[PDB]
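The block underneath contains the structure these notes are about, expressed in structure tokens.
All Cβ positions, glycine included, derive from the backbone under ideal geometry; neighbour counts span all protein chains shown. Each answer follows from the model by the rule given with it, or from the source it names; nothing here is a laboratory result.
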Amino acid sequence: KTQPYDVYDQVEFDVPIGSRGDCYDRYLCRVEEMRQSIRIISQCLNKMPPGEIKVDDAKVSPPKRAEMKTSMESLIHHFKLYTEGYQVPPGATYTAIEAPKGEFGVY
Amino acid sequence: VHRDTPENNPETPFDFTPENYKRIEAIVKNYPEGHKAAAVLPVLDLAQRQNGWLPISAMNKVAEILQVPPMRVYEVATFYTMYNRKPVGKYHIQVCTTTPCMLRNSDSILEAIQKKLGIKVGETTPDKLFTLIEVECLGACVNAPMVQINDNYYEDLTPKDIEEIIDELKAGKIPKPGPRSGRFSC
Amino acid sequence: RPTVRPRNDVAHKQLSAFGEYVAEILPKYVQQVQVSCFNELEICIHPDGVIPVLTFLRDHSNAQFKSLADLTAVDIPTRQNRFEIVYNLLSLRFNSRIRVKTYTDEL
Amino acid sequence: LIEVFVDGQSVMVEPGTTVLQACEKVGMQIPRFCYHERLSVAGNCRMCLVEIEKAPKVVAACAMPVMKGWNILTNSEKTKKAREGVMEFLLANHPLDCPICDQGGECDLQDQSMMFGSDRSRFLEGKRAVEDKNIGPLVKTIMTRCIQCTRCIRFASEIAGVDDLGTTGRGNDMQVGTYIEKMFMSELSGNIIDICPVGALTXXXXXXXXXXXXXXXXXXXXXXXXXXXXXXXXXXXXXXXXXXXXXXXXXXXXXXXXXXXX
Amino acid sequence: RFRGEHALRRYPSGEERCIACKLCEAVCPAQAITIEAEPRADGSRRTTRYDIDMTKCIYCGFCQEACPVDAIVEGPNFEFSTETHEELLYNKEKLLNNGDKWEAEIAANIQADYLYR
Amino acid sequence: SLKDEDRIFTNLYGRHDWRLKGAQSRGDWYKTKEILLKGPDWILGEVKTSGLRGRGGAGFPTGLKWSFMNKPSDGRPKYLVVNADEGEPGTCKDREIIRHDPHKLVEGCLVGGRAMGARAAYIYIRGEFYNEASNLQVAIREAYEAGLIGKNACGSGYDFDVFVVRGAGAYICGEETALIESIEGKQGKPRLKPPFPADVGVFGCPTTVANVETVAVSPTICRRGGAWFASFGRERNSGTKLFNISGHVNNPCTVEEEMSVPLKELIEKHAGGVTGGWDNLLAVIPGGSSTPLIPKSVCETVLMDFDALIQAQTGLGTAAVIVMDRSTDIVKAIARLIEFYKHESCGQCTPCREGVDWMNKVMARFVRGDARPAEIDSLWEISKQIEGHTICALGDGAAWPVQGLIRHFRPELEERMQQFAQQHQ
Amino acid sequence: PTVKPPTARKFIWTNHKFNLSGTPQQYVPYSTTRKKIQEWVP
Ligand SMILES: Cc1cc2nc3c(=O)[nH]c(=O)nc-3n(C[C@H](O)[C@H](O)[C@H](O)COP(=O)(O)O)c2cc1C
Ligand code: SF4
Ligand code: SF4
Ligand code: SF4
Ligand code: SF4
Ligand code: SF4
Ligand code: FES
Ligand code: FES
């Protein structure tokens, strides 16, 4: 609810919060997460705009297989996005997306 | 073909002009005295006029007279369009097909010439008399059709007049400038 | 830009206020360098006092962080001072992420 | 010496210094195809186009000198629109050899598309192919992969001595070959394969043996032929196969010996 | 589309489809694939050393994706059980070329792969 | 303020009867001794005071270009350069300035010899026009032997020798940098224009490039008064230039006309096809090959002067009419103009060798109708790009007419694509 | 064998083979390179 990752707040979420810090109430919320998770999956099925699958800019994601065989720049970028990496901008960044266990604080 | 050169029966045998050798030396003196590569551009035009169809070995002999690089002098004639590449007949004519001529019909003059003098468009005569080739521009665009044969360019011709001039050229020269109307203003 | 840009800067000036507020105290003992880029704040701290910096942000009237959760360290042999211990801090009441770094060689 | 600011930062340069030569002092490398180290200054590509502070037309870095105190930006709006465009023109008539091509990562044109050129799409339909030029022992030359520039053309005329490479046509048919069927002389012309940016001229002895990716490089002076120093040798597991000339200030003029290259 | 045991495909009129690039070598996150290339007799230049370790390889389909010629195509495979590591790790093509028994399925599966799904 | 057409005034009038002595009676070398006795500074000032624009397809003033060299101190001896060969198609100036009156062209080199300060003068003629080149060579034999130019002639200290050289017939006569490289002996390719022009270094000498019509106007401007040349035309651009009409016309003829003249009046005098601008659809181009085709709506307001022509679409530089009728195809005609540049591309700058050849291949598809409706807008971005990032002016010359397809037109191009989309697909 | 036919290329094996296992005629590793040559002769 606080930090959106990829199209959030638009999808309706329900977060189970108990009262006692015991093992039973910490188990009940996990089952209450499971019953209030299909709401998101159903809303994912409701909202699906048809379009691009990868980023159209070919400096990040490799182009289509039918595209690379004919056009020139596509295959050279295919040759350099593989073997060689991405050529990333320098800087330290920290991201955390909600794991069902906790967090994945990639730094 | 522009880059590739044949090695069979047109690579070793070459002849240079002996009577025009004194005239070719005088042409080199017209430019700068020290460091003269300008003669190579002039001798290449003189070689085609004296001998029909320039040989690959003949260009090397012409480069030796001016004392220049053999590869550089061979490349100098490759960029030029006026110089002969493979083979030319007794009277070779080039037809103009550019937009200033195509606006008042230029393709009709070429199609009528193709049927009268035989062959398609690129192929020359088997008996070697007339060779046809597509040209960019003849130079003088005052007349609606333009065709340059050997040296003198013939301008202004009808559908039947072009065929009559071509058949007459087989035995006697037809001269001519713009045989359809006044030269300057009409 | 539609697919090229991730997010436009709007909270960048709001987060820059923290870059002034802590720096308004102005300790040579604590502050030194304040870096702010891509909706995130980075502070490096003089080796002599690290505990007084960590007691700050904990509680505090203006900003309540409390959770000094994730803790990383950087190995880099370019500088004369080798290691760089990096603290990743998160607020629940305030909803913000701030960074605490150490500059010393710490052998 | 006259000083002129490039990208706001001021840098002192000589009166007869080039625009790209002035850019090196500010620690910025412009996109190149026609050399600046030892080969003579020539245009015939227009890749290194840079826009001045107040100019209607962009000037080439190889030809145009700084002269007067004028501001020139490397990361300008006009320059980025130029660099993406010229790359598309270079690749409209390019044979597509990248996986088969002898170079791959070492190719200068391969990097410039990734760094400067347009990524998303390239508008092209139907590319012309050139016939294979004759070559002797070293460098298995392919005329199709060649971009038709002036780098190896001037190398044979100035650096090597014996001239062979030049022009053959006019449009998109002009080949960089010798035109007459003759093998290239030895002397010091074995270093011509290392000079070319594209994967057109590459050593036949060590062709397709190892790519630029996954090869450990080490600098060592050559034993064969005297006064030879700084030559990078790629390990690429167990036995070394490719040896390239390393840059030296006084010992060697960025060219390996023909006996040492093979 | 399912990834199992590796097998390299070929053209309908003979000829090995693998062109030798070292492309799939560098992408490989396990570094299971090794490639050393030499010219084939005269003219053609297609492979000599081609070993894929099954002691390594975490199965990505990255080598399937990085390949411009579509040589390594991952076939529906489950059956692989050996007595030694030596019997398990794949030799210089050969056993990979012996994937002809699965290449009939691969040709059917790739028809559902061009213009993805 | 309004300009009248000719009215017993011409730079070159003799075309019917001229050889060597016949031209002399009808105004030729009248003040040959007077111009030679005058100083180099005073003779150069006469061209600057008149304000004559450049006859060649560039737009640069002739007064500023001749004064650009000046020569304060010279180590290497200076040489004079002149271009006479046909560059852009639709021009008749090549076979009129030298072919009809060869004595006037030879006098132009002598008038600019003492002014610029050149040891020798050189002229370049077209390889295809051999008959016109023979007339120029015959005039040199009648001038050097008799005593017109060379060593010491007409009471002059400065020596000038005229020599004519046959050209290849391509872009070598086109660009100003190309003429220096072609005359030197090297392959037909222009030198780098940004660092050094003709004045700094051309064939190992300080030189100046001049057009066939521009050089011929110099003795006429020197002999007659300075106000006479500036009388006809506009304030910015003044001087009579030879305009030739070719294509769809009742009678195709080249005639000398005054500057700042309307297009409707010039076409009516020479007589065009069907109508001047009422029945037949207007597709006439102000330039020979450089400038794009003018619209049907704006044609009467357009003037012959370069300063007035720049206000609407593009300026006229070559000054040649290329009129096309309503019955004649528009798409196929402009595609042939680009095909001219496909053959006349030299082979240096990469957005031209692999540029124009790429441009012609897309343009050939529009005649057939296989091209997509989206491809029209994409081609406009490429066409604009070639104009800026090229060494020589021929890169611009191929860029401008393609821009005239997207502008003014567009439903004409869309109709060709829509016709093949329903019939074939 | 009913609707979708298998494609013929004359490269695929006509007779189907069983698993390698611990039994004879099984999988094996093999060397590839010709190595660095060294020779001495009288
Ligand atoms: C495609 C093209 C062709 C040209 N052809 C010629 C030519 O044949 N002769 C010429 O004198 N100028 C020609 N020019 C004009 C040149 O730019 C010329 O060298 C010079 O800049 C004009 O100055 P001038 O009038 O003093 O010669 C041509 C320009 C272009 C764009
Ligand atoms: S020359 Fe460079 S970009 Fe072109 S195919 Fe070869 S490696 Fe790729
Ligand atoms: S072979 Fe290489 S150096 Fe030579 S012209 Fe072609 S691209 Fe330039
Ligand atoms: S499997 Fe594909 S990417 Fe790997 S070497 Fe063979 S052809 Fe190249
Ligand atoms: S599936 Fe992954 S780990 Fe296995 S060979 Fe391919 S790239 Fe390497
Ligand atoms: S623009 Fe074209 S014709 Fe002009 S110099 Fe460049 S490549 Fe040659
Ligand atoms: S355009 Fe045909 S003669 Fe010039
Ligand atoms: S890189 Fe400067 S002109 Fe080619």
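What to note about this one:
- Flag for D:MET115 being within 16 Å of ligand 8 (Cβ to nearest atom), within 30 Å of D:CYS23 (Cβ to Cβ) and exposed (fewer than 15 other Cβ atoms within 10 Å of the Cβ): yes
- The number of residues in segment D:146-162 that are closer than 12 Å to D:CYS34 by Cα, away from ligand 2 (no atom under 16 Å from the Cβ) and more than 11 Å from the chain's Cα centre (by Cα) comes to 3.
For (1) more than 18 Å from the chain's Cα centre (by Cα); (2) assigned by CATH to the domain that holds F:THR214; (3) free of Cβ contacts under 8 Å to residues at least 60 places away in the same chain; (4) more than 14 Å from ligand 1 (Cβ to nearest atom), each residue gets a yes or a no:
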| site | (1), (2), (3), (4) |
| --- | --- |
| F:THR62 | no, yes, no, no |
| F:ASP74 | yes, yes, no, yes |
| F:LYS78 | yes, yes, no, yes |
| F:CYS92 | no, yes, no, no |
| F:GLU96 | no, yes, no, no |
| F:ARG99 | no, yes, yes, yes |
| F:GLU128 | no, yes, yes, no |
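- The condition of being without any contact (Cβ under 8 Å) to a residue 40 or more places away in the chain, within 14 Å of chain G (Cβ to nearest Cβ) and crowded, with 18+ Cβ neighbours inside 10 Å holds for only one of E:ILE52, E:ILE33, that being E:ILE33.
- Options D:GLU125, D:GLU88; residue that is within 14 Å of chain A (Cβ to nearest Cβ) and part of a loop (DSSP other than H, G, I, E, B): D:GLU125
- Number of residues in segment D:81-95 that are more than 13 Å from D:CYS107 (Cβ to Cβ) and touching a helix residue (DSSP H, G or I) at 6+ places or on another chain (Cβ under 8 Å) equals 8.
- Some residue of segment D:130-140 being surrounded by 17 or more Cβ atoms within 10 Å (Cβ to Cβ) and free of Cβ contacts under 8 Å to residues at least 40 places away in the same chain: no
- At least 3 residues being under 20 Å from F:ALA133 (Cα atoms) is the threshold, and among the helices (runs of 4 or more DSSP H) wholly inside segment B:96-186 not one reaches it.
- Between F:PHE232, F:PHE203, the distinction of being farther than 29 Å from D:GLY16 by Cα, of a type in the set (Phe, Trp, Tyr) and either touching a residue at least 24 places away in the same chain (Cβ under 8 Å) or in contact with a helix residue (DSSP H, G or I) (Cβ under 8 Å, 6 or more places away or on another chain) (or both) belongs to F:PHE232 only.
- Those residues of segment D:42-61 which are basic (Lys, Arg) and within 7 Å of chain F (Cβ to nearest Cβ), in sequence order: D:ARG46, D:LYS57
- Subset of segment D:174-202 [within 15 Å of ligand 2 (Cβ to nearest atom) and either of a type in the set (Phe, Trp, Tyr) or not in a loop (DSSP other than H, G, I, E, B) (or both)]: D:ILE193, D:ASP194, D:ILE195
- Answer from F:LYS332, F:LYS361, F:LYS384, F:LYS342 - the residue that is of a type in the set (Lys, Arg), in a helix (DSSP H, G or I) and closer than 22 Å to D:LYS81 by Cα: F:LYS384
- Within segment A:35-55, restricting attention to residues that are within 13 Å of A:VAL7 (Cβ to Cβ) and among the polar types (S, T, N, Q), the residue that is surrounded by the most Cβ atoms within 10 Å (Cβ to Cβ) is A:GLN43.
- Scanning segment F:18-33 for residues that are of a type outside the set (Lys, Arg), assigned to a helix (DSSP H, G or I) and touching a residue at least 40 places away in the same chain (Cβ under 8 Å) yields F:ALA23, F:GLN24, F:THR32.
- Among helices (runs of 4 or more DSSP H) entirely within segment E:8-117, having at least 1 residues that are more than 15 Å from the chain's Cα centre (by Cα) singles out E:85-88, E:100-109.
- Flag set for E:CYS57, criterion: surrounded by 17 or more Cβ atoms within 10 Å (Cβ to Cβ) and either within 16 Å of ligand 8 (Cβ to nearest atom) or on the phi > 0 side of the Ramachandran plot (or both).
- Count - residues of segment A:70-97 that are exposed (fewer than 14 other Cβ atoms within 10 Å of the Cβ) and out of contact with any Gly (no Cβ under 9 Å at 6 or more places or on another chain): 10
- The listed residue being part of a loop (DSSP other than H, G, I, E, B), more than 14 Å from chain F (Cβ to nearest Cβ) and surrounded by fewer than 13 Cβ atoms within 10 Å (Cβ to Cβ), out of B:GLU19, B:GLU11: B:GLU19
- Search result, residues across segment B:30-56 that are small (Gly, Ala, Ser), under 25 Å from B:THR12 (Cβ atoms) and outside any helix (DSSP H, G or I): B:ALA39, B:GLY52
- Considering (1) in a loop (DSSP other than H, G, I, E, B); (2) within 14 Å of chain A (Cβ to nearest Cβ); (3) under 18 Å from C:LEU89 (Cβ atoms), the lone condition that C:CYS44 does not fulfil carries the number (1).
- Residues within segment D:7-35 that are within 12 Å of ligand 8 (Cβ to nearest atom) and surrounded by fewer than 21 Cβ atoms within 10 Å (Cβ to Cβ), tallied: 5
- Some residue of segment F:343-361 being away from chain D (no Cβ under 14 Å) and in contact with a helix residue (DSSP H, G or I) (Cβ under 7 Å, 6 or more places away or on another chain): no
- For segment F:364-381, filtered to residues that are small (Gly, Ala, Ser), assigned to a loop (DSSP other than H, G, I, E, B) and farther than 21 Å from D:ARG170 by Cβ, the residue that is farthest from the other protein chains (Cβ to nearest Cβ) is F:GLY369.
- Residue within segment C:86-99 that is within 25 Å of A:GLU103 (Cα to Cα), within 13 Å of the chain's Cα centre (by Cα) and touching a residue at least 60 places away in the same chain (Cβ under 8 Å) present: yes
- Some residue of segment D:22-39 being under 18 Å from the mean Cα position of the chain (by Cα) and of a type in the set (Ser, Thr, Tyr): yes
- Failed condition for D:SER157, given (1) at negative phi; (2) part of a loop (DSSP other than H, G, I, E, B): (2)
- Yes/no for F:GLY397 being within 16 Å of ligand 7 (Cβ to nearest atom), away from every other protein chain (no Cβ under 11 Å) and under 26 Å from the mean Cα position of the chain (by Cα): yes
- Condition met for B:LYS29 (closer than 29 Å to F:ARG119 by Cα, within 14 Å of chain F (Cβ to nearest Cβ) and in contact (Cβ under 8 Å) with a residue 24 or more places away in the chain): no
- All positions within segment F:84-140 that are β-branched (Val, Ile, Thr) and buried (at least 24 other Cβ atoms within 10 Å of the Cβ): F:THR91, F:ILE97, F:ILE98, F:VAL106, F:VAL111, F:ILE123, F:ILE125
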